[PDB]
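Coming up is one lone chain in structure tokens, specifically the form deposited in one PDB entry.
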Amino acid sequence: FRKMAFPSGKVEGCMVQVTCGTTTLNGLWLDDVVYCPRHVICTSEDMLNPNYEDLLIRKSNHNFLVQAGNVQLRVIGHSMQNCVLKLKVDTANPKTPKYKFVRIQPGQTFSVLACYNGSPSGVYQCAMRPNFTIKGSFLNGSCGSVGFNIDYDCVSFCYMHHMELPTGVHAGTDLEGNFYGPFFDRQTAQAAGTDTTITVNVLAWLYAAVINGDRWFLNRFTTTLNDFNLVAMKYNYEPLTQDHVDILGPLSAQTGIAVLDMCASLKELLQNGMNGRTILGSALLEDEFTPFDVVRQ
């Protein structure tokens, strides 16, 4: 049972390089539009305190250098949508997949295609944390890298990368340019709210451990949903809803372990610890696999 990303080819064909002045990052080329973080228009000094509408009105189409491979695409128009810039180019991307823009929920997962200078570097799986950060792997020039899910050859873009917080976690926007979380694209110290653990995902992962022959954490006990949520809240876990219980149905039916019985197991894990034992090779409770992730794998 591995953290598994979606095949990235459909997204690789969409990555381009965007330069304004001496600022360079990645863009996403779909049909005849390139989407990229708006702070590409910023000088270094601008980023410390930008007034984006005022900075953008002072730019011309010819200030935007867009490169796809070695081929320059001419910008023929531009607009700003929240924190994303939409550059109209004079060429349609022939490799545009069927796609949609979606805004995801805390706890959902997605694949990230990390890119530098318009070129793909690596692919990995991420989750939207409850505090709306993501634990990514992003370096200088990675902005404009996107997160996505793939469903029957349709790419659902959900994330575009903008910033790294001092704790090393990452913040970004949906493809309408609205940040996930209370963050904003100004270079100034920003802390995230206290994070919590995605309970439904921990349970899905415990079910994965049982589907793969590991049962040592199970117990003969049971619990009510309300009594479980009291202990979960005490340990900085998110509430478990009845919708969550229903979503875990196929995993419980597959294993014959009632959801509330697995909750009792997690409650004992939380109160007793793991005592140096491991689950699927992990020394800690893993919360970045959704129920759908477990089933698909």
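Only the largest set of C-alpha atoms that superpose within 1.5 Å between the two forms is called the rigid core. Residue indices: 1-based, along the sequence shown. Residues that one form lacks are left out of the comparison.
- For the pair 43-51 and 267-275, the mean Cα B-factor is higher in 267-275.
- Here the stretch with the larger average CA B-factor, out of 33-41 and 227-235, is 227-235.
- Across 83, 198, 154, 204, the entry's maximum B-factor at the CA atom is seen for 154.
- Within the group 28, 251, 66, 56, the record's highest C-alpha temperature factor is found at 251.
- The entry lists a Cα temperature factor for residue 193 that places it in the highest third of the chain's modelled residues.
- Looking at the C-alpha B-factors along this chain, the one for residue 106 belongs to the middle third.
- Split the chain's modelled residues into thirds by C-alpha temperature factor. Residue 185 is in the lowest one.
- The entry lists a Cα temperature factor for residue 220 that places it in the highest third of the chain's modelled residues.
- Ranked by Cα temperature factor within the chain, residue 297 sits in the highest third according to the deposited record.
There is another form of this protein, the form deposited in another entry, and it is not shown here; the text below is about that form.
- For the residue set 248, 42, 66, 36, core-aligned C-alpha shifts between the shown form and the other one reach 2 angstroms or more at a single site, 248.
- Inter-residue distance, residue 165 to residue 282 (Cα): increased by at least 3 Å in the other form versus the depicted form.
- Regions that shift between the shown form and the other one, defined as runs of three or more consecutive residues whose CA atoms all move by 2 angstroms or more after core superposition, comprise 206-232, 240-285.
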